[PDB]
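What follows is a single structure, written as structure tokens, with notes after it.
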Amino acid sequence: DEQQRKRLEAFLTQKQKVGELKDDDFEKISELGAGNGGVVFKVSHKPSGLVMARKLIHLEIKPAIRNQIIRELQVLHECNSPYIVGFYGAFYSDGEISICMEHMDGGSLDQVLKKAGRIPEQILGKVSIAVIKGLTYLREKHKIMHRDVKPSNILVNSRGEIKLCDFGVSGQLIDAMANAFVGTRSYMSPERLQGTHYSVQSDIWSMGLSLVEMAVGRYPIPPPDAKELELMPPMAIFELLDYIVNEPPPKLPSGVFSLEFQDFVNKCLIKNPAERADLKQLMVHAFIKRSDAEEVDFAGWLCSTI
Amino acid sequence: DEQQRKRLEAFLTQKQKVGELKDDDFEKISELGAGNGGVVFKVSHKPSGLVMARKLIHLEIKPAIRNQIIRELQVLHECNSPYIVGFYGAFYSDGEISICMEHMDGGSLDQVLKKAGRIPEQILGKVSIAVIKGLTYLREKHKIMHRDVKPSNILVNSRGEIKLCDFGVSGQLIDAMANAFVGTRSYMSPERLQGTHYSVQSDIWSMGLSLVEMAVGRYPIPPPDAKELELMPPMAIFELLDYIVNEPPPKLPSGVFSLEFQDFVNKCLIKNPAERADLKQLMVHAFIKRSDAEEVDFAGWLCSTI
Amino acid sequence: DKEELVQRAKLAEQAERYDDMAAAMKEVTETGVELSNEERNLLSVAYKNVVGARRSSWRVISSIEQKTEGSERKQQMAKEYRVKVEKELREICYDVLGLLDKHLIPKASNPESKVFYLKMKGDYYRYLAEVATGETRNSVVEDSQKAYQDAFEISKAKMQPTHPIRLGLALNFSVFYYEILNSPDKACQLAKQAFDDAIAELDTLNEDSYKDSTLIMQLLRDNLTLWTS
Amino acid sequence: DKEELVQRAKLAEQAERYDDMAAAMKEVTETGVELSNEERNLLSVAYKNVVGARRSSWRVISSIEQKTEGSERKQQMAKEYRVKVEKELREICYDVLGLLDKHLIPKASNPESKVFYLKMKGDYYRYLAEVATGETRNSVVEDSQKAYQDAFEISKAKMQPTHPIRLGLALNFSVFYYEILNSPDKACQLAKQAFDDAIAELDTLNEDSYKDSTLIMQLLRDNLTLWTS
Amino acid sequence: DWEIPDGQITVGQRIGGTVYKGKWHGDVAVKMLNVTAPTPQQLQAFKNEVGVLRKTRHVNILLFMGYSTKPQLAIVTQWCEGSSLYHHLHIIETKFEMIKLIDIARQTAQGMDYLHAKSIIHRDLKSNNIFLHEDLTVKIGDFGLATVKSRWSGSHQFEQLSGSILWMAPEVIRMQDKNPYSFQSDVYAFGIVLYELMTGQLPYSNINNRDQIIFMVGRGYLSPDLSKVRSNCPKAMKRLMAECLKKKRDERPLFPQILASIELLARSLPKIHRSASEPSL
Amino acid sequence: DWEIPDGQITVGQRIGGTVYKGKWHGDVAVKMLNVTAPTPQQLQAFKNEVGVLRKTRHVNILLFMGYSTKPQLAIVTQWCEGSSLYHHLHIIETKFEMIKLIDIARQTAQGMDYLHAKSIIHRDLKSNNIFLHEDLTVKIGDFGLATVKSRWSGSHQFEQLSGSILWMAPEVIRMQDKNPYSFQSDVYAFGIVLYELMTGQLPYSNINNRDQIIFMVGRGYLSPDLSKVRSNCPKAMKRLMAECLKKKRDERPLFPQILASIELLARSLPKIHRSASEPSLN
Ligand SMILES: Nc1ncnc2c1ncn2[C@@H]1O[C@H](COP(=O)(O)OP(=O)(O)OP(O)(O)=S)[C@@H](O)[C@H]1O
Ligand SMILES: Nc1ncnc2c1ncn2[C@@H]1O[C@H](COP(=O)(O)OP(=O)(O)OP(O)(O)=S)[C@@H](O)[C@H]1O
Ligand SMILES: O=C(NOCCO)c1ccc2cncn2c1Nc1ccc(I)cc1F
Ligand SMILES: O=C(NOCCO)c1ccc2cncn2c1Nc1ccc(I)cc1F
Ligand SMILES: [Mg+2]
Ligand SMILES: [Mg+2]
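Protein chains in written order, with PDB author numbering: chain C, 43 to 274, 306 to 379; chain D, 43 to 274, 306 to 379; chain Y, 2 to 230; chain X, 2 to 230; chain A, 449 to 464, 469 to 733; chain B, 449 to 464, 469 to 734.
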């Protein structure tokens, strides 16, 4: 708790040490990664000296809505949590909204999962706590759901922090992103895929699916065959979505994981959102009680795997 | 004379028999011949029943000048001579001024010279008279010179008539024809080629050159070589013109023609127009006195050679 | 209420009528309350487009008076008409300056806007000078010079080398040097200096004014290529 | 003198000043002397232009006021604009009819001229009737009806099927049938008949008006295909 | 041959592979493959795109002018003054008259008819790739996904589905065949273009979930709400739009039948400005 | 391949081989060889003309669209709305502003630069073959005499001189070489076009003798009277015109550089009437 407090203090300090943000203000250090419609750069904000992550999202949008996106992102200035990536500011230049945020030198759990092959149930426990607290934080103190929980959107750092990013804070930005290119997979809950339901219950499913991906080290969609599970052309996205909607949820392998863990992901992955555990119920779950109480050199495990 | 008078009477009567002229009024019988800028059709003028020659000359011209051309051609309605082809009327349709004229079923002396090989000095005598009278007629009763005398523009018929055609009556039409395609030969007098002089004296030269062409049955300009004269790639037009201007005039072969004929063409072909015989002088020429007095079945010679 | 007046003036501006618009904006300024940024451009458009329409009449009437070159009532009438439209021209500009130096020049909060109003009144004075020839010409020219010597200082002090208003002041002041005073060296030198300056902060061009900035820029280049000939 | 008035009106026509050119012509007609062919076209065009301007001004204004579908000062004092431009519209047409039935319709030097002035009368009165919805319209609709019938009789009697004026009368009378009376069947019949008799003497098209004749012809065809569709 | 020797092209500004405004015998558009080491897949892409453009000469196909290899791989085409149909319709909301909208439909159909007639399937037709050149002439561009129909069914092989979802036909989305593209898939896209033209809005404006649209359209649940056509839209157009949008691809008309209809739609409507009174001389 | 299968083309009106307004995927221009038995000379003509057009894709070359063989030999190209430069200048005497005239020069040069760059000599450039499409864009057409420069001097052989005389260079008229055509002969024609543009009239208006003009121009006696340029013609244009018209063909530069000189007399050439005051906010 004290450590997180000090971190937030330093963040606010650098925030006050800075002011406005614009494209000239920056020098590129390196490319942290890219996605379906966005690119992320490790940069040095010249006026303040701060190293930050700069995310550019290409959008062709009316001035009136770009300005509405910026204005709505300004709410992140108040979003202060050790489960939520920090926000420095936002702007629009050329053809692209820029979001400047807390640089996380550990990367995304997506990047990590590549180098680590599979993530140990004990680390995933910390991750599961981090996600729940962060989803709780967002929900209660900022009235919003994440929308997009998945390994590439949980970011980790040297100090052992696990933070959430890329959540749906600007409603206008959500709208402007709908005209998009096709993805190659999906973590969307079935009830959202069917327009049947829309709540935090859907972010819970995505956490569930993420966990299974991070545990087994593969893809939650389409499970694995009898042979493939012994070791441990891609299915088109429409087929993935059709799976999620019409087939039983994925699940953890029988022996390799504790019964508490298997039970935890299961209550996250129940097709019907009503019957699906909520944040209150998950928080007091056997798997969470255990993991909370465990002490793990998470920061150590992280640097050792990189 | 009486025969010519009767012909003129018939022409006038037929002229009164018809009224206005326009493109719908006509039915095509056959193509009498064509060239770089004009085409001639034997046609039947539907209202009157008359068979006439219809000449179309392609011109892209302003309405104000097309109407000036028509109006100026209307002077031909009065041009009545047995040495001048008859005029029925003129108009403009689509992209082309039409001149409707006395059909001459014998054709042009150009056409004739092809079938006859060479024209007998005695027939050429009649032709020489016809040309002079016609040039005189044009000059005195209509203030104009021909401009364009050559075998293709002397027309002959069954009744033994030799008439001139395609002379320069509309001054505007002359002007409008100057934007033209390149010819392949020329009958233009040297003084005209040099812009040095311009009179009937120039039409006399062309008659001269025509005669030599019609006599020898080849071209008056660029006279043949020693071998070629025994039998009896074309020179480019610029070379022809350069010849006419810079070389001695052509002339008749020594023995085959009477001295009177040789002398006649010679006084027509003198380079300097001043020293060149005029219509008065030519009219009383040895060759003309002789030929006038001779009686030749011209009409008979004509039908026999076709 | 002010908003009914500004909606009435904006609606009349959409109907291409510039008499009810000018009357409504004079009725706005007669209240003696300070304008916004938005309510000002409407006033300048009304008293500017109408002035331009009045000018075109003067130009074509004067050309039809220098192409006749005789002595009759045709050009007698031209003068009787030229002094008529010139007096009409005079009445409009005097109404503008009376509405300007009594509610807006002193009563303003934005220094950019204060420089703007100086551009407007100075431009109007220059237009008045560009037509009245005689004893009355000197005073109008002096007023235009005073306007130029006050807006240019605040432009050089607290404006951007890429702002629309400083560019417009440079443009109007250069054409003032070329047409009224006929010193094309100084006006041309000022235009060259503006080209050297306006280029500097080309990177600093936000969406609020790109069209105006590049529009005054190409107009400046066109005036330069006319004058260097 | 008349020539000063016609030079003043022609000069004002060169300056793109509708009302300016339109005055001088009222002063011409107030003399009460019969016009030529040339002096009629200028005044006619000026009147037409003024009419069109006022028409659009009210029509566009009225449409915008009825396109707010709320209840506020927008369609209250702001919409009072429609009655303003309608009264302006009324003043122009009353000036026309007062200048028409007192110096021109009384004595005719040309019967084609009589068809012309009756066509103008039907044009003005029909437009006024369309503009006023209420007790006023019944009167002006029948007035234009009598005027166009009176012109149509003389057109069918002593005009050409290819003349500009008979074509213009057919055009205006057809759009009168379509817009005012809303009987598109008789308008379709009328325009088709006028267009077919316009085909007959296609050969008889002198340089005086081929362009006008075919222009009214294709306009008639366009109105027909709009109304039959 | 259409290879432009190196050095002649003078790349300038940027717009949106990647596209620059350049210079080569006047204003041109230059589309470059930014990178430095062209993979043999990016290479065949280039070879193919050039291959298709080479076969086009029509006033409604954007004019291919030549290609460059040496500096970077690039395609040079005519420059356009004026905006895309996307820009007119959804950005500056240009208030076109219905006769103009019909005409834009008509021209777009004309260009497509010409391509299909030479067996080219465009595969990426959409508002953005339709330019109103000088505001008067529809030029269809971006042939980055264009392909020529092979006579033989086994040449196809595997291509990762790419493209804008709002214009993708259900069969294309589903991606069940070896080759789900057809002339008919292009028609469907043109169907969505009719939608933008007759309504002023993109389809599915209430849905902002990208994967949901892909899933619901591919499944048959979702399809454009034709009730949103503006009231001045000729009934023949609404019908023609619904026909181009049929889910069963074979039920869609092809472009001659499209041009056969469209031409008559213009004759089955009084497209004459507004009215016709007295034309003052 | 650009062969249009028979039946698709729908020939309509006539204009002026012979040219019709037709139909094939919209309005097109159809140029036909009217006759029925194509001589092998008319055949090679066709083959050659198509051959040249095939190599052109540029906004200032009139757009070749395809050819037909079966009904008659024909070339299909884009249709143009609007008139030829000939028609504007000498028929309806369009009152173009000098900036427009310069621009027409500029575009015509642009199209010619593009042809020469691919080694095509047009050989029949003149006012009539320059169309102001939609009044805004110069399209050079009629490639009936166009030819591609052969690397080898003996392929030429014999061709009967044809073309309009007012645009023929003295060396072409004289016709002394095996091949008197060159990029430079095209420039000379463009020179006469500058003449029409800067003067409003064709050359030699006092002379109406066709053969005399051929003879006097070929000989060096006759050349355009440059004094007849209108007074608003930039001095740079007059010079540029006189240069394109030089009798010694080599005294001429390339059209890329010619347009470079046309760009010289353009930036300071004009800025419209008077100037422009404060631009009213939209
Ligand atoms: N603040 C950051 N610090 C360090 N790396 C970051 C940061 N933000 C993003 N990245 C990396 O940038 C890449 C993209 O991550 P996201 O922005 O979350 O988008 P995404 O997870 O890839 O979802 P898509 O495929 O674009 S819809 C990833 O490799 C991140 O690890
Ligand atoms: N009135 C006519 N009667 C009979 N035949 C005619 C008539 N006019 C022309 N022809 C024929 O048509 C052919 C064409 O000759 P002209 O009409 O004189 O033109 P031309 O003399 O060839 O002028 P050029 O050099 O071709 S521009 C000639 O061979 C004549 O036989
Ligand atoms: O980033 C986003 N999607 O990923 C781009 C695809 O590559 C994203 C998506 C939706 C959204 C709504 N409001 C903000 N939104 C985002 N941005 C964002 C949010 C919080 C933080 I802290 C940092 C961020 F950049
Ligand atoms: O016909 C002409 N040139 O030949 C065309 C090239 O093929 C021609 C040439 C010049 C001319 C001036 N005034 C009329 N002119 C002509 N016509 C003509 C004259 C008299 C008669 I009797 C019949 C005619 F047709
Ligand atoms: Mg993301
Ligand atoms: Mg002849």
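Beta carbons: idealized from backbone N, C-alpha and C, even for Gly.
Item to check | Residues of the region 607-625 of chain B with Cβ closer than 9 Å to any Cβ of chain D, in chain order | outcome: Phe610, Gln612, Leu613, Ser614, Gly615, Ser616, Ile617, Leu618, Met620, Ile625
Item to check | Beta-carbon spacing of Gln562 (chain A), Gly478 (chain B) below 8 Å | outcome: As a working mapping, residue 562 (chain A) is identified with position 110 in the fifth sequence. As a working mapping, residue 478 (chain B) is identified with position 26 in the sixth sequence. A contact, by the Cβ cut-off of 8 Å.
Next on the checklist: Is it buried or exposed, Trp604 (chain B), if we count other Cβ atoms within 10 angstroms and call 16 or more buried?
Outcome noted: Taking the first residue of the sixth sequence as 1, we reach residue 604 (chain B) at position 152. Exposed, because fewer than 16 other Cβ atoms sit within 10 Å of the Cβ of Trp604 (chain B).
Checklist entry - Is the Cβ of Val511 (chain A) closer than 8 Å to any Cβ of chain B? => result Counting from 1 along the fifth sequence, the entry for residue 511 (chain A) is found at position 59. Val511 (chain A) counts as touching chain B.
Item to check | Cutoff 8 Å: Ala688 (chain A) Cβ touching any chain X Cβ | outcome: The residue given as residue 688 (chain A) occupies position 236 in the fifth sequence. Taking Cβ atoms only, chain X never reaches closer than 8 Å to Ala688 (chain A), which makes this a no.
Checklist entry - Does the distance from the C-beta atom of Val117 (chain D) to that of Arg181 (chain D) stay below 8 Å? => result Here residue 117 (chain D) refers to the residue found at position 75 of the second sequence. Here residue 181 (chain D) refers to the residue found at position 139 of the second sequence. For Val117 (chain D) and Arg181 (chain D), no; Cβs fall outside 8 Å.
Checklist entry - Should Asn195 (chain C) be listed as close to ligand 5, given that the test is whether its C-beta is under 7 Å from any heavy atom? => result What you label residue 195 (chain C) is simply residue 153 of the first sequence in a count that begins at 1. Yes, since a heavy atom of ligand 5 falls inside the 7 Å radius drawn around the Cβ of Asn195 (chain C).
Item to check | Short CB-CB distance (under 8 Å) between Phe311 (chain C) and chain A | outcome: Within the first sequence, residue 311 (chain C) is the residue found at index 238, counting from 1. Answer yes: the Cβ-Cβ gap between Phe311 (chain C) and chain A drops below 8 Å somewhere.
Checklist entry - Does any CB atom of chain B fall closer than 8 Å to the CB of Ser72 (chain Y)? => result Locating residue 72 (chain Y) in the third sequence gives position 71, counting from the first residue. Answer no: the Cβ-Cβ gap between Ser72 (chain Y) and chain B never drops below 8 Å.
Next on the checklist: If we define contact as Cβ-Cβ less than 8 Å, is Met230 (chain C) a contact residue for chain A?
Outcome noted: By one-based count along the first sequence, residue 230 (chain C) stands at place 188. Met230 (chain C) counts as touching chain A.
Checklist entry - Straight-line CA distance for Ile165 (chain C) to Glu368 (chain C)? => result Here residue 165 (chain C) refers to the residue found at position 123 when the first sequence is read from its first residue. Here residue 368 (chain C) refers to the residue found at position 295 when the first sequence is read from its first residue. Straight-line Cα distance between these residues: approximately 10 Å.
Checklist entry - For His188 (chain D), does the count of other Cβ atoms within 10 angstroms reach 16, so buried, or fall short, so exposed? => result Locating residue 188 (chain D) in the second sequence gives position 146, where the first residue counts as 1. Burial call: buried.
Checklist entry - Between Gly75 (chain C) and ligand 3, is the CB less than 7 Å from at least one heavy atom? => result Here residue 75 (chain C) refers to the residue found at position 33 when the first sequence is read from its first residue. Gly75 (chain C): no, Cβ never under 7 Å from ligand 3.
Checklist entry - Considering only residues of the region 610-698 of chain A, which uninterrupted alpha helix (DSSP H) runs meet the minimum length of 4 residues and lie entirely inside it, listed in chain order? => result 622-626, 635-651, 662-671, 687-696
Checklist entry - Considering only residues of the same chain and omitting the five flanking positions on each side of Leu514 (chain A), which have a CB-CB separation below 6 Å? => result Position 62 of the fifth sequence, counting from 1, holds the residue named residue 514 (chain A). Same-chain partners within the cutoff: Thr529, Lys591, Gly593.
Next on the checklist: Using CA atoms only, rank isn't needed, just tell me which of C:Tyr261, C:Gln153, C:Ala359, C:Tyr316 is closest to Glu333 (chain C).
Outcome noted: Taking the first sequence and counting its residues from 1, the one referred to as residue 333 (chain C) is at position 260. Considering only alpha carbons, the answer is C:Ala359.
Next on the checklist: Please identify the residue among X:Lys122, X:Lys80, X:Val116 whose C-alpha is closest to the C-alpha of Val61 (chain X).
Outcome noted: Numbered from its first residue, the fourth sequence carries residue 61 (chain X) at position 60. Per the Cα distances, X:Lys80.
Checklist entry - From Y:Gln15, Y:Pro112, Y:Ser140, pick the residue whose C-alpha is nearest to that of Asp151 (chain Y); which is it? => result Numbered from its first residue, the third sequence carries residue 151 (chain Y) at position 150. That would be Y:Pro112, whose Cα lies nearest to the Cα of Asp151 (chain Y).
Item to check | Interface flag, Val97 (chain X) vs chain A, CB-CB below 8 Å | outcome: Along the fourth sequence, read from residue 1 onward, the residue named residue 97 (chain X) stands at position 96. Answer no: the Cβ-Cβ gap between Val97 (chain X) and chain A never drops below 8 Å.
Next on the checklist: Helix, strand or coil for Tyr125 (chain C)? Go by DSSP, reduced to three states.
Outcome noted: By one-based count along the first sequence, residue 125 (chain C) stands at place 83. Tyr125 (chain C): coil per DSSP, three-state reduction.
Next on the checklist: With the cut-off set at 8 Å, would you say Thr458 (chain A) and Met484 (chain A) are in Cβ contact?
Outcome noted: Reading the fifth sequence from its first residue, position 10 is the one you call residue 458 (chain A). Reading the fifth sequence from its first residue, position 32 is the one you call residue 484 (chain A). Not in contact: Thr458 (chain A) and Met484 (chain A) (Cβ atoms no closer than 8 Å).
Next on the checklist: Contact criterion: CB-CB distance below 8 Å. Does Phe516 (chain B) meet it with respect to chain A?
Outcome noted: Translated into positions along the sixth sequence, residue 516 (chain B) becomes position 64. Closer than 8 Å: yes.
Checklist entry - Closer than 8 Å, Cβ to any Cβ of chain B: which residues of the region 556-574 of chain A, in chain order? => result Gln562, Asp565, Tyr566, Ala569
Next on the checklist: Beta carbons nearer than 8 Å to chain C: which residues of the region 483-499 of chain A have them?
Outcome noted: none
Next on the checklist: Less than 7 Å separating the Cβ of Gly210 (chain C) from some heavy atom of ligand 5?
Outcome noted: Position 168 of the first sequence, counted from the first residue, corresponds to residue 210 (chain C). No, Cβ of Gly210 (chain C) sits at least 7 Å from all heavy atoms of ligand 5.
Next on the checklist: Tell me the DSSP secondary structure of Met484 (chain B) in three-state form.
Outcome noted: Translated into the one-based positions of the sixth sequence, residue 484 (chain B) becomes position 32. Strand at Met484 (chain B).
Item to check | Where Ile62 (chain X) meets chain Y, residues with beta-carbon distance less than 7 Å | outcome: In the fourth sequence, counting from the first residue as 1, residue 62 (chain X) sits at position 61. Correct list: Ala16.
Checklist entry - So what does DSSP say about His585 (chain B), is it helix, strand or coil? => result Start at 1 with the first residue of the sixth sequence, and residue 585 (chain B) comes out as number 133. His585 (chain B) falls in the strand class under three-state DSSP.
Item to check | Short-range partners of chain D found in the region 628-661 of chain B, where Cβ spacing is below 7 Å | outcome: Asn660, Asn661
Checklist entry - Alpha carbon to alpha carbon, what distance is there between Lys687 (chain A) and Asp102 (chain X)? => result Here residue 102 (chain X) is taken as the residue at index 101 of the fourth sequence, counted from 1. Here residue 687 (chain A) is taken as the residue at index 235 of the fifth sequence, counted from 1. So the two alpha carbons sit approximately 49 Å from each other.
Next on the checklist: Can you look up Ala132 (chain C) in the DSSP assignment and give me helix, strand or coil?
Outcome noted: Sequence index remark: in the first sequence, residue 132 (chain C) carries index 90 (1-based). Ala132 (chain C) falls in the strand class under three-state DSSP.
Item to check | Residue span of the beta strand (DSSP E) that contains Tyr229 (chain D), given as start and end | outcome: On the second sequence, position 187 is the one that residue 229 (chain D) refers to. First-last for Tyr229 (chain D): undefined, no H or E at that position.
Checklist entry - What does a CB cutoff of less than 8 Å around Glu451 (chain B) pick up in its chain, not counting 5 residues either side in sequence? => result Residue 451 (chain B) sits at position 3 when you count from the first residue of the sixth sequence. Cβ within range, chain order: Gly518, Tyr519, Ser520, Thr521.
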